[PDB]
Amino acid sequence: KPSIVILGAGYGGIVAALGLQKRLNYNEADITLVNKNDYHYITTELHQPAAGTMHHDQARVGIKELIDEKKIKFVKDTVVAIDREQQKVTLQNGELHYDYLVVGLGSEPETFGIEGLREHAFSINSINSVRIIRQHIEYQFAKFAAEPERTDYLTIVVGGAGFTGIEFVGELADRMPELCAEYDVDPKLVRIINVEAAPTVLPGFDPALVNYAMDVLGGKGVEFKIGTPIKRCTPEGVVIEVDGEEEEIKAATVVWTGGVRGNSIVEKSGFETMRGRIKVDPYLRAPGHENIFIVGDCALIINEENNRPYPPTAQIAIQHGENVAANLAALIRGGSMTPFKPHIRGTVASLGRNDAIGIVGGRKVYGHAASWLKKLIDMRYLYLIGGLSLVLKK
């Protein structure tokens, strides 16, 4: 029996694994699924627990529940490095050998070398991280009543006005009334600030959607600072550049949604990478490796029409997983692989609990409709991996 090793149980990894379990018969191969946690989390909704609008347990599921213990062997450990020559994967507590390898370790934050951003700012990339963000903000609001001169406790700075940042500041904006009521806080004193180095909010997106989103968020008191880069980050706050002059923002909380890169383990293992990402062949394999597959945020796909990269998304990650599952099955049985072509359908960005903006099939959508559509998509992924029972569980 040949050995298939999947690193990371994210969208790409979980979809690849479930695909392989569905397609292959017993002892056709030995499949090992590796994750640093015994759970798989819904990354696309991680902004809600970070704000506290949703419990974090509703954003994750047990891996053992989803998979087949007979077909797939699950290992809970942390990947340290990959040795291409030895075809071996190093772990915190052991080592593994692969005939075939699928890499889906997802993304890690890119702080661009900005000072203090790594040490003193938070990221929305895991259950742990969002629990920390939530509890941090609650702690600051708790501290304010005893020390009312410190309005920096009530100031939250979100760096980067991208997809994630917009969704997050929307959730925070919705969370603020209950949060203020809980800690005897004057709602007027609260400051939610979204800071973008780029000249436009949601750069590379349709201006109508951007302006609508900006109007809605601004109505709920969210402030936007545009064309404003962050020079440095401290525990007290951030230093930004306005009109070519340094300016200071005092904030107990700084959340970084500025940029992401592929996992550093991949680059550190000797792969040639752009932004930590691998520009894979039409079969989603690593260039030079017939037995190594890259999925999700780790893989880089270029759009032949405009020669610009596809953004790192869960939507395309799932498709990577399905394609890799099929190609692995074919490779295992002697067959020919099918080239991967991405089909990018609608996309929705939430703006609080009851509002959203997005493009589906060329058709722009707003409000309650778009909100329900996004909820629908989430339910679709839940169904796809867990069935009706998983959707019922939440």
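Each residue number is its position in the shown sequence, starting from 1. In this text, the rigid core denotes the largest set of C-alpha atoms whose superposition between the two forms falls within 1.5 Å.
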{"query": "Greater root mean square CA deviation, 133 to 141 compared with 302 to 310 in 4 other deposited structures of this protein, core aligned", "finding": "302 to 310"}
{"query": "Entry-level comparison of average CA B-factors, 295 to 303 and 130 to 138, reporting the higher stretch", "finding": "295 to 303"}
{"query": "Given 241 to 249 and 314 to 322, the range whose Cα B-factors average higher in the PDB entry", "finding": "241 to 249"}
{"query": "Of the residues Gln92, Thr257, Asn194, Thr155, the one carrying the largest Cα B-factor as recorded", "finding": "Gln92"}
{"query": "Of the residues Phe205, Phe144, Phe163, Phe224, the one carrying the largest Cα B-factor as recorded", "finding": "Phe205"}
{"query": "Third of the chain's Cα B-factor distribution that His97 belongs to, per the entry", "finding": "highest"}
{"query": "B-factor third for the C-alpha atom of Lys71 within its chain", "finding": "highest"}
{"query": "Chain third (lowest, middle, highest) by recorded CA B-factor, residue given as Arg84", "finding": "highest"}
{"query": "Where the record places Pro109 (Cα B-factor, split into thirds across the chain)", "finding": "lowest"}
{"query": "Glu272 - Cα temperature factor, lowest/middle/highest third of chain", "finding": "highest"}
